[PDB]
Amino acid sequence: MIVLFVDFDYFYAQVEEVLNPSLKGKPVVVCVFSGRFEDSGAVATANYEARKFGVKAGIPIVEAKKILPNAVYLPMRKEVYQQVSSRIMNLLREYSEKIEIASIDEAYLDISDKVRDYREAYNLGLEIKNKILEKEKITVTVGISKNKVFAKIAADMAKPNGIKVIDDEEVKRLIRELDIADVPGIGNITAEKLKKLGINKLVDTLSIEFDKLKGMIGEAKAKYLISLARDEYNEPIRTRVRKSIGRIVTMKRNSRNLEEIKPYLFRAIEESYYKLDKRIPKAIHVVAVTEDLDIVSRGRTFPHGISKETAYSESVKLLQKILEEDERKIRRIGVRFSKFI
DNA sequence: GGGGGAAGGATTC
DNA sequence: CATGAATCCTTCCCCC
Ligand SMILES: Nc1ncnc2c1ncn2[C@H]1CC[C@@H](COP(=O)(O)OP(=O)(O)OP(=O)(O)O)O1
Ligand SMILES: [Ca+2]
Ligand SMILES: [Ca+2]
Ligand SMILES: [Ca+2]
């Protein structure tokens with residue numbers, strides 16, 4: 001079992017560098033402008049020139065400008081990046097029949113049968129890196145190891161524009177030295193619950209009862225961390241299928257007025273249906289971000305598919321339910337369609 | 001008791 | 001100052 005994980009470097013900004021080469025060398029910041037006020041919004045991603053100074057995804061646009069008032073700030077263009085992403089995704093296929101597209105910029109390849117080992121795999125790595133670089137002018141980092149989890153950790157260590165392998169030998173070392181937090185699927189919330197338990201390393205999960213681990217971080221997470229530590233993690237490369245489609249927007253200002261919120265809600269629905277393109281959902285959820293950044297949601301599943309007319313009237317009821325069951329204002333309103341026929 | 005689903009939230013990338 | 005989606009978790013609930 002050999003897995004080759006491909007991760008496109010600072011993807012959104014790099015695509016902007018490609019569509020306009022004169023941006024190379026300068027700090028590029030791709031952000032999302034919320035409408036709320038002068039430069040309100042967050043940074044979606046930035047190139048490394050910008051990351052050297054603390055400007056990264058997540059921080060407010062207003063914060064990035066204080067640090068880098070002369071960097072190039074560009075509005076995110078998701079559609080463009082998706083098409084470029086797809087074209088790259090179609091190149092990888094040719095290197096493997098078993099391909100799992102994790103996200104718009106990550107993918108896992110089952111190259112167990114394309115090679116026989118870690119020399120031909122590494123070589124297959126460069127083979128792909130160059131193919132992509134020449135065809136799309138995009139640099140990507142490649143990680144290679146026995147399973148998906150370590151493959152990804154390989155790229156995490158290699159990026160940007162790198163390629164690294166983690167032989168069964170080094171896997172044994174990491175399962176003992178690697179900060180559990182750096183393990184995919186382990187965010188801050190989980191990384192902490194693990195420290196209070198004394199688990200600062202993958203192996204440490206072996207020195208604890210499974211029942212306390214289940215109790216603290218959940219069964220699914222417990223078995224995951226344990227198998228990995230036991231060095232028996234072996235998840236296959238599957239074809240992820242879209243289970244849901246939605247869209248959430250930010251309002252000009254918070255509010256609890258149905259008539260002031262509807263337009264944004266309807267706009268979110270219109271876009272969601274456009275993206276459904278032929279897909280018919282039987283379930284609908286209205287999602288709302290409260291003034292204090294809380295996420296509330298009310299939904300409903302129908303025994304039949306949902307028409308735009310139904311979604312329209314139903315979303316208003318779920319929005320009214322939200323308001324009747326939560327005093328806070330709404331900062332962002334949206335919808336999500338699931339359970340496709 | 002326990003299957004099976006639905007609803008609302010928790011987490012992560 | 002704060003911008004799509006999968007998976008998992010907990011709580012119900014209907015029911016044989
Ligand atoms: N805060 C965000 N807002 C919008 N899109 C985001 C955000 N964070 C990440 N993404 C998207 C765009 C890039 C993609 C990559 O996943 P991830 O952030 O986990 O790896 P990464 O940090 O290597 O990505 P990259 O460097 O290309 O931006 O996910
Ligand atoms: Ca990535
Ligand atoms: Ca990336
Ligand atoms: Ca982490």
Side-chain angles (χ1 to χ4, degrees), chain A residues 5 7 11-12 29-46 56-67 75-79 81-82 85 100-106 148-149 152-153 155-156 181-194 214-225 235 238-251 254 268 271-272 275-276 281-303 318 321-322 325-326 331-340:
Chain A
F5 173 68
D7 184 332
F11 198 53
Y12 297 173
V29 183
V30 180
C31 354
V32 181
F33 299 96
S34 49
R36 288 234 153 179
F37 58 80
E38 182 75 296
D39 289 309
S40 72
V43 168
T45 191
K56 49 182 183 173
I59 87 169
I61 308 180
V62 172
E63 233 55 70
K65 284 149 172 293
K66 288 197 178 179
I67 298 172
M76 211 196 79
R77 300 187 295 177
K78 181 61 90 72
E79 250 75 280
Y81 319 141
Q82 184 64 71
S85 176
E100 186 177 323
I101 302 172
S103 70
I104 189 170
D105 79 319
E106 300 174 18
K148 279 184 296 176
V149 172
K152 182 168 175 53
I153 293 181
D156 283 349
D182 294 323
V183 164
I186 298 298
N188 292 321
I189 284 183
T190 296
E192 292 298 320
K193 302 176 192 178
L194 295 188
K214 155 177 261 167
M216 185 83 287
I217 66 174
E219 176 183 48
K221 270 280 167 50
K223 290 180 177 181
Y224 171 76
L225 291 181
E235 278 303 314
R238 185 200 71 169
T239 309
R240 304 179 182 186
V241 181
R242 264 287 186 286
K243 284 182 176 58
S244 74
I245 286 179
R247 161 53 155 163
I248 298 170
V249 297
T250 294
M251 299 189 262
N254 304 65
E271 288 170 38
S272 289
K275 294 204 295 176
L276 278 168
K282 306 198 297 299
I284 177 182
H285 291 79
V286 165
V287 187
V289 174
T290 58
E291 44 188 357
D292 50 32
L293 311 200
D294 235 27
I295 286 167
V296 187
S297 70
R298 297 293 184 279
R300 175 173 167 184
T301 302
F302 299 68
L318 303 173
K321 193 168 186 171
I322 288 177
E325 297 189 68
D326 202 303
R331 180 179 170 68
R332 309 177 63 230
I333 190 63
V335 292
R336 188 140 210 103
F337 294 112
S338 51
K339 298 186 185 177
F340 305 142

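What you see below is based on every heavy atom in this structure, not just the backbone, and it leaves out hydrogens, waters and symmetry mates. Below, chain A is the first sequence line, B the second, and so on; all start at residue 1.
Each of B:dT11, C:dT3, B:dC13 was ranked by its minimum atom distance to the side chain of A:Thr190; first place goes to B:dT11. Relative to the side chain of A:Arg298, the nucleotides B:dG8, C:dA2, B:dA6 differ in distance, and B:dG8 lies closest. Of the candidate nucleotides B:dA7, C:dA5, C:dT3, B:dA7 has the atom lying nearest to any side-chain atom of A:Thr301. The side chain of A:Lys321 has B:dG8 as its nearest neighbour among B:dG8, B:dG9, C:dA2. For A:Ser244, taking side-chain heavy atoms from C-beta onward, the closest of the listed nucleotides C:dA6, B:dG9, C:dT3 is C:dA6. Taking the side chain of A:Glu219 as heavy atoms from C-beta on, and the options C:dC9, C:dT3, B:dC13, the nearest nucleotide is C:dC9.
What separates CD1 of A:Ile248 from P of C:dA6 is a distance of 13 Å, to the nearest Å. The distance between atom CZ of A:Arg77 and atom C1' of C:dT3, rounded to the nearest whole Å, is 18 Å. Whole-Å rounding puts the A:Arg300 CZ to B:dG8 P distance at 12 Å. The distance from atom NZ of A:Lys152 to atom P of C:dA6 is 17 Å, rounded to the nearest whole Å. The separation between A:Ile295 atom CD1 and B:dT12 atom P is 13 Å, rounded to whole Å. Taking atom NZ on A:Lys56 and atom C1' on C:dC1, their separation rounds to 16 Å, with Å as the unit.
Nearer to the 5' terminus of DNA chain C, by closest-nucleotide assignment, is the contact made by A:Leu293 (compared with the other of A:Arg238 and A:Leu293). The residue among A:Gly218 and A:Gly41 whose nearest nucleotide of DNA chain C lies closer to the 5′ end is A:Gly41.
No side-chain heavy atom of A:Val43 sits less than 4.5 Å from a side-chain heavy atom of A:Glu63.
Ring orientation note: the planes of A:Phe11 and A:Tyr81 are nearly perpendicular, at an angle over 60° on the 30°/60° scale.
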Open item on the list: Test salt bridge (charged side-chain N to carboxylate O under 4.0 Å, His left out) on A:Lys275 and A:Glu271; report intermediate values, then the result.
Closed with: CA-CA 6 Å; A:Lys275 294 204 295 176; A:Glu271 288 170 38; over 6 Å; no
